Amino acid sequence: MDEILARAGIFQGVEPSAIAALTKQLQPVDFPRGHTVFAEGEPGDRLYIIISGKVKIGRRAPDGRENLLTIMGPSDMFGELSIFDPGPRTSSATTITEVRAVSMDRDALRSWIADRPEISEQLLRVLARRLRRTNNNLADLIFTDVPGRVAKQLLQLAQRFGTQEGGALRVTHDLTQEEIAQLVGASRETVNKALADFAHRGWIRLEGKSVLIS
């Protein structure tokens, strides 16, 4: 779907015809659930745009667990930074569900802006505006306690993958209890202990297959 692809942030503020000029040259790839798209340390020089599915972004923790950095879904990009500043990947990307995704490397990008200087300028604008959002995001997070930080992070994920259902956010998933444990990168006991606590304060109503967030 061209619309899904065109919603990517790398296309924000770009002429639909220049977006299309790039899109047409890209063929979708099929990734199975639990598939490692790229691991930390591996050379990184391409970005992915998701059409369907969810992808986990994470880094290695001292104990050997993988910290849930973020979760990207449809229209979302991952690995986009390596297109501008390539090199060894500082994070890993792993499919949470079955994914269909589009890829593009630096050559593609350079060949794309090769004829379209207007795009370099807009990319700077979008990237720089994104840095300002991420900056005061950090600022906001710094001046908050430990639990408050994690809460904020989870809230942002809810706001992104949740449907507005009467002053609340519904996030419907198709994951088994073990997959949810793999997603967070924590014990299955630690997860259920945390979910039990959030529910206790009325922040979470846990129904089968879905979660209702305040």
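So that there is no doubt, residue numbering starts at 1 and follows the sequence shown.
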| property | result |
| --- | --- |
| Mean Cα B-factor comparison, 120-128 or 94-102, giving the higher one as deposited | 120-128 |
| 164-172 versus 179-187 - greater average Cα B-factor per the deposited record | 179-187 |
| Residue, from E42, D145, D45, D30, that the PDB entry assigns the highest Cα B-factor | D145 |
| Out of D76, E80, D107, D140, highest CA B-factor residue | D140 |
| Ranked against its chain, the third holding the CA B-factor of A61 | highest |
| CA B-factor ranking of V150, expressed as a third of its chain | highest |
| Third assignment of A194 from its chain's C-alpha B-factors | middle |
| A18 by Cα B-factor - lowest, middle or highest third of the modelled chain | lowest |
| Modelled-residue ranking by C-alpha temperature factor, third containing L206 | highest |
